[PDB]
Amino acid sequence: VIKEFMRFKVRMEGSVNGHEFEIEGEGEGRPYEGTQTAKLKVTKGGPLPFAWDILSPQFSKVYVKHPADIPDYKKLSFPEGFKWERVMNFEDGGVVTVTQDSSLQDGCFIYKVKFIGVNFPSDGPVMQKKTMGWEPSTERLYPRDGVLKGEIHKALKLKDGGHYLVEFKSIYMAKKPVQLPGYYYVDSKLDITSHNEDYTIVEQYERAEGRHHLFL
């Protein structure tokens, strides 16, 4: 059911520091090659009063390239699909939780996302839009409790230089339990590739590949 080329549609309902918004979009990519694009539009609550970059990683890990010897739990979960959840802990006290449902309808992935971000300092890089994209990252994954979990030390680049640090903790939950990998890593790199003036229309690109630790 997962072809070499697949599209997706996504909808997000979110809030940051009490400001509510809705975003709709679509994307496409090559799930076995680990590459994809997305185009998002803020449909309610725009223009947003905070950094787009905190939203970018919430709009698709069925596209991660996996070697044959590492079980691809997220691809295996289809056609029914999987849910994923996440905590982002920002170094200045911002905290976000996210809950997401991934399904497949007549050959198109369907993503539904809910996002609540709180406790961002009003003068911090998020509310003041001082970020300039993510560094590429490396997630550490392992099985636990019959599901797949992963954590990442991520970083946003700052306009005036240096980094704004964010820890991700994610949980990927197949709708019916499928085969799990062991301890492994996923390398990712997400880019904002174009946008209008107020970031109410934004395009993204992501490359991601799973692997064993290099020393194994």
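Numbering starts at 1 and runs along the sequence shown.
J.: Note how many residues of the deposited chain are left out of the model between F59 and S60; the options are none, 1 to 3, 4 to 9, and 10 or more.
T.: The entry leaves 1 to 3 residues without coordinates here.
J.: Of the two stretches 10 to 18 and 192 to 200, which shows the higher Cα B-factor on average in the entry?
T.: Mean C-alpha B-factor is greater for 192 to 200.
J.: Taking only the CA atoms, which stretch has the higher mean B-factor in the record, 60 to 68 or 148 to 156?
T.: Result of the comparison: 60 to 68.
J.: Maximum C-alpha temperature factor per the entry, among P143, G107, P136, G117, belongs to which one?
T.: Among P143, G107, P136, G117, the highest C-alpha B-factor in the entry belongs to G107.
J.: By the record's CA B-factor, is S77 among the lowest, middle or highest third of residues in the chain?
T.: Middle third by C-alpha B-factor.
J.: Determine, from the deposited record, the chain-internal third of the Cα B-factor for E33: lowest, middle or highest.
T.: Highest third, going by the recorded CA B-factors of the chain.
J.: When the modelled residues of the chain are sorted by Cα temperature factor, does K169 land in the lowest, middle or highest third?
T.: Ranked within chain, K169 CA B lands in the lowest tercile.
J.: Place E85 in the lowest, middle or highest third of its chain's C-alpha B-factors, as listed in the PDB entry.
T.: As the PDB entry reports it, the C-alpha B-factor of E85 lands in the lowest third of its chain.
J.: By the record's CA B-factor, is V186 among the lowest, middle or highest third of residues in the chain?
T.: Lowest third of the chain for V186's C-alpha B-factor.
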